[PDB]
Each structure stands twice: as C-alpha cells, then as structure tokens.
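In PDB author numbering, the protein residues as written are 1 to 455. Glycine included, C-beta positions come from ideal geometry on N, C-alpha and C. In what follows, a single structure is set out as structure tokens and then discussed.
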Ligand code: HEM
Ligand SMILES: O=C(CCCCC1CCCCC1)N[C@@H](Cc1ccccc1)C(=O)O
Ligand SMILES: N[C@@H]1CCCc2ccccc21
Ligand SMILES: N[C@H]1CCCc2ccccc21
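Written out as structure tokens, the structure reads:
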C-alpha cells in the first residue's frame, strides 16, 4: 500500500544538502540509513535522490527492464575528464555499447593470462620493498597498495611505468588526477557554485584536465607512430573493431577509457587490498587459514596464473572484505518508466535512486546474526547467497568490466603478502575511512616480519 518515504532533517531552503557538508558523506548516508531504514528521500535545491539499503528494494532496482544506470552528480562532474568512457557514459550513448563490445575480450579471464606477468612485476616490487624495511620501520598500507594498483594498470593498460615505489611524491599525472577527483566530489557541497570564491578551484580544474589529456594523448600518439604491438589495453583499443557497428574507437574515446582505467587503478583495488589486510590483522584465526593456503599453493618463487586460481580462501577473504567495506560504495539508477517500488513507493519516469552498497551488505535478513563478523566461509557456496544480496561490482550490463582484473591482481598480491610475511597490528589501529570516489582506511599501518622465503 502507498507509503510516504522517510526523510532526514532539513535546513530550510537548503533542504537536506548540509547533511553532506562533510569529508565523509557516504558514512553520513550510512548513519541516516541506520536511523531511517531501507529507503529515504534526500532533497537539495532542484533535486531529489532516494537511498536504498535493503536487499528487498535493491533486488527490484537491479531489474534492468525497470531501471538503468544513472550518472549521479558525482559521475557528471567526473565526466568533465572521463568523458564518454565506459564508466561515465549513458547506456543509450553509441560509444557505451561500442567500447563495451571492443573491450570485453581485453577484460576476460582468458586475458588475465596475458596480464599476469606484468601484475607479478609490480607485486614483486611491493614484496622487495617490504623485505628491505629495517626492524624499526612500519608499512603505510593504503599508500603502498595504491602505489601497486596504479603501477599495475599503467603497465597492463599502456606499457607505462609510473615507478610509484621509486617515489615519495606521485607522478605529476597522478597529482592532477587526484586533484580533479577531489574537485568533482567537493563541487557536490557548493550551495552557490558560481560565487567567485571558487574561481581558483575552476582554473586549477582546467589545468589538471589539461595535464591528464596531454600525457594520455601523447602516449596514444607515441604508440601509433612506433607501430609497437604490446599486449596491453591500448594495443587492443587501436586494433579492435566493434562487431556491431564494425567501427573502431576514435583517439578521443581511447583517451577517456585510459583516464577511466587509471582512476580505477588508483581508487578501487587499492581500497580492497587495504580493507582485506585490515580484517586479516583484526582476525588472526582468519589470517592463519589464509597464510596456510598461500604456503600450500604458492610453491614457486613467482606465482603462476593457475596457482592464483587455486587461492580459493584468499578469494573468500577478498569477497568478505568487499562485503563489510565495499571500496566502491554506491551506484545510481533511474526509473525507465513510471513504476512502484516494493508495492509501497511510487516513482515517476526519470526518478533517481542511489544503492548504498555498505548497507545492502549489512542486511541482517540476508546475512544473519553474525553480520558484523569477518567470516570468509560465508562465501563457500555462491548458490547459498540470496539473489542481489552482494553487489560490490554493480549490476547487470553496467557492472564493473574490471572485476576479473581486480580480483586476479588482489588475489595474487594478498597471496604473495601472506606467503612472504607475518603481520603485526603494532598500533591497535582504529579504523578511519577516507572518502574520494571510493573508501580507504586512512593511517592504517602494520609491521611485517619476513618469513625469509626467496623470490
Ligand atoms: C575492487 C575493485 C573494483 C571495484 C570494487 C569496482 C566497482 C565498480 C562498480 C560498483 C561499478 C559500477 C558503477 C556504476 O554502476 O556506476 C564499476 C564499473 C566499472 N569499473 Fe570497476 N571496480 C573495481 C575495479 C576496476 C578496475 C581495476 C577497472 C579497470 C581497469 C574498472 C573499470 C570499471 C569500468 C570501466 C566500469 C564501467 C563499466 C560499464 O558501465 O561498462 N574497475 N566498477
Ligand atoms: O550520494 C551522493 C554523495 C555520495 C556519492 C558517492 C558515490 C560517488 C560516485 C562513485 C560511487 C560513490 N551523491 C549523489 C546525490 C547528490 C547530488 C548532489 C549533491 C549532493 C548529493 C550524486 O552525486 O548524485
Ligand atoms: N570501478 C569504477 C571505475 C573506476 C572508479 C570507480 C569509482 C567508484 C565506483 C566504480 C568505479
Ligand atoms: N600514488 C603513489 C605514487 C607514488 C607516491 C605515493 C605516495 C603516497 C601514496 C601514493 C603514492
């Protein structure tokens, strides 16, 4: 029966907008969900979002006949530099299905066999860094995980070394990209974006866009000139033809795809690894079980593709980390037609929804009494998990194209970490979650003790 939707506290003419005037807006929306329940309406001047938290409503939202991917205001601001790349394109834009058809074979489980050697190159650099720390020293976990995942996509993406493990200060491309991502998220909080107080922010944003376009356009121009045929995404994009249109991607679209993959390499897999290590050091019995698997499976100096596929428990640890702290914490949908959600909430064509993935993953009606516990065994049997209960990679045709790539890299790296080191939570770290487009532990530090196993 038709029901009024709950709404959080309002601030006069600003409606709900000041609630997201925080450096931690996803965590603020999570606390609102805990108070108000499975659905609430969020109003700002000239916009309304509905936030979904229950598997009961999210299983309907994931119906692709009724709901399509929406560009949230965040993705609309990211589109100023990610353009009509896969992540910031509407499903109905020609370049979405065209790039999707061309890039799917580059991201398949088969393709991971070709990327494996480049992933091992960077993973070996991480292990050697930790082997070379002095007794007195500690590891900055998200810092080192972000060095690794950025370098991996640089090498598999377009055969470029960011050489992040040689640096204290990021490569200039990365300085610009991080500052562009920060400006996109900060613009969400501006009641009056045209006020001249923000004129410096706008000039810096254009300069940062220019820096990203110049390196990426030069890399594309340099590859075309040389005719080199490396086994990277850039070669696949320069050579590939969409079976449907018979057309290749143009150079502008290739640039947007590369910027998109570099954003992913910086923002996502690094968060997953950082949360996975956090949960392992907080759950020593789980760390022991994962370390025992790494020791039994990784019998060679270098992991092989086939050995990574056999790290089943490590896979389960990664899924249980994605459950409790999904590094990509939301995706947006619009109603394709007038419709009723959950027999209760009427929606008009075009109405926007936001899926709060961390809340979905805490639904006690799905996961049971032990929902706050880190228990990778709950992923033993995928058929035992209710439909649409677990969405860390999004939904349907607009799900993460990088899912196989991220899980292969994360499983390889976590396996090698568990083979090579014992870990100590030497500070009794209190979880502090920094938000960009994604969630990461901030200030998470550990000490490693080498098991002295040669590479
Ligand atoms: C643990 C790591 C990752 C997580 C949790 C993750 C999560 C997501 C999610 C939730 C979406 C759906 C977004 C939406 O509906 O708006 C998505 C889309 C996407 N991801 Fe990832 N991602 C990860 C890693 C990667 C990597 C490494 C890449 C590329 C190298 C990548 C590339 C993309 C792209 C291109 C899309 C858009 C797909 C499309 O609409 O056609 N992701 N990702
Ligand atoms: O829910 C949020 C704030 C958390 C985004 C987190 C999201 C950003 C993309 C990647 C996944 C994580 N933003 C909505 C609604 C909105 C719009 C304008 C002003 C304030 C809120 C939006 O961007 O459409
Ligand atoms: N994995 C996609 C593309 C890269 C950045 C991002 C951020 C939030 C959610 C999904 C994604
Ligand atoms: N993105 C890397 C580049 C190398 C330097 C650095 C430092 C902290 C955190 C990340 C990074």
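Query                                                                                                                                                                     : Result
Determine the extent of the beta strand (DSSP E) in which residue 445 is found, giving its start and end residues.                                                        : 445 to 450
For residue 147 and residue 390, I'd like the C-alpha separation in whole angstroms.                                                                                      : 28 Å
Between the Cα of residue 23 and the Cα atoms of 398, 452, 449, 439, which residue gives the shortest distance?                                                           : 439
Under the three-state reduction of DSSP, which class applies to residue 214: helix, strand or coil?                                                                       : helix
Considering only residues of the same chain and omitting the five flanking positions on each side of residue 164, which have a CB-CB separation below 6 Å?                : 147, 150, 151
Is the Cβ-Cβ distance between residue 356 and residue 33 less than 8 Å?                                                                                                   : yes
Is residue 413 near ligand 2, in the sense that its beta carbon is under 7 Å from a heavy atom of that ligand?                                                            : no
What number of angstroms, rounded off, separates the C-alpha of residue 201 from the C-alpha of residue 264?                                                              : 23 Å
Within a Cβ cutoff of 6 Å, which residues of the same chain sit near residue 294, ignoring the five residues on either side of it in sequence?                            : 415, 418, 419
Hey, how far is the Cα of residue 354 from the Cα of residue 321?                                                                                                         : 21 Å
Hey, how far is the Cα of residue 267 from the Cα of residue 342?                                                                                                         : 33 Å
Starting from residue 58, trace the alpha helix (DSSP H) in both directions and tell me its first and last residue.                                                       : 55 to 61
Among the candidates 51, 55, 26, whose CA atom is the shortest distance from the CA of residue 365?                                                                       : 55
Compute every distance between the C-beta of residue 274 and the non-hydrogen atoms of ligand 1, then say whether any falls below 7 Å.                                    : no
Taking 7 Å as the cut-off, does the CB of residue 178 come closer than this to any heavy atom belonging to ligand 2?                                                      : no
Which residue from 167, 299, 116, 184 puts its Cα closest to that of residue 155?                                                                                         : 116
For the alpha helix (DSSP H) holding residue 175, just list the boundary residues, first then last.                                                                       : 172 to 187
Output needed for residue 122: all residues of its chain with C-beta closer than 7 Å, excluding positions within five of it in sequence on either side, in chain order.   : 148, 151, 152, 155
Is the beta carbon of residue 124 less than 8 Å from the beta carbon of residue 446?                                                                                      : no
Give the C-beta separation of residue 95 and residue 84 to the nearest angstrom, bearing in mind that I take them to be a contact with Cβ-Cβ under 8 Å.                   : 4 Å
Does the region 298 to 313 come within contact of the region 325 to 338, defined as at least 3 CB pairs closer than 8 Å?                                                  : no
Going by alpha carbons, who is nearest to residue 252 out of 299, 137, 82?                                                                                                : 82
What does DSSP give as the partner residues of residue 15 in its beta bridges?                                                                                            : According to DSSP, residue 15 bridges with nothing at all.
Pick out the complete alpha helix (DSSP H) segments inside the region 213 to 288, 4 residues or longer, and give them in chain order.                                     : 233 to 239, 251 to 267, 269 to 282
Return the chain-ordered list of same chain residues with a C-beta closer than 8 Å to the C-beta of residue 40, the five sequence neighbours on each side being excluded. : 5, 6, 7, 8, 32, 33, 50, 51
Indicate whether the contact test is met: 3 or more Cβ pairs, each with one atom in the region 383 to 403 and one in the region 61 to 69, closer than 8 Å.                : yes
Measuring straight from C-alpha to C-alpha, what distance separates residue 166 and residue 239?                                                                          : 33 Å
Could you name the residues that DSSP lists as bridge partners for residue 354?                                                                                           : 51, 332
In the DSSP assignment, what are the bridge partners of residue 340?                                                                                                      : 346
By the three-class DSSP mapping on this structure, what secondary structure does residue 320 have?                                                                        : helix
Taking DSSP as the reference, what is the three-state secondary structure of residue 390?                                                                                 : coil
Residue ranges of each alpha helix (DSSP H) run of no fewer than 4 residues wholly in the region 90 to 121, ordered along the chain?                                      : 94 to 103
What's the call for residue 408, buried or exposed, on a 16-neighbour Cβ count within 10 Å?                                                                               : buried
Classify residue 11: buried if its beta carbon has 16 or more other beta carbons within 10 angstroms, exposed otherwise.                                                  : exposed
With a threshold of 8 Å, are at least 3 pairs of Cβ atoms found where one atom belongs to the region 168 to 179 and the other to the region 132 to 140?                   : no
For the beta strand (DSSP E) that residue 39 lies in, which residues bound it at each end?                                                                                : 39 to 44
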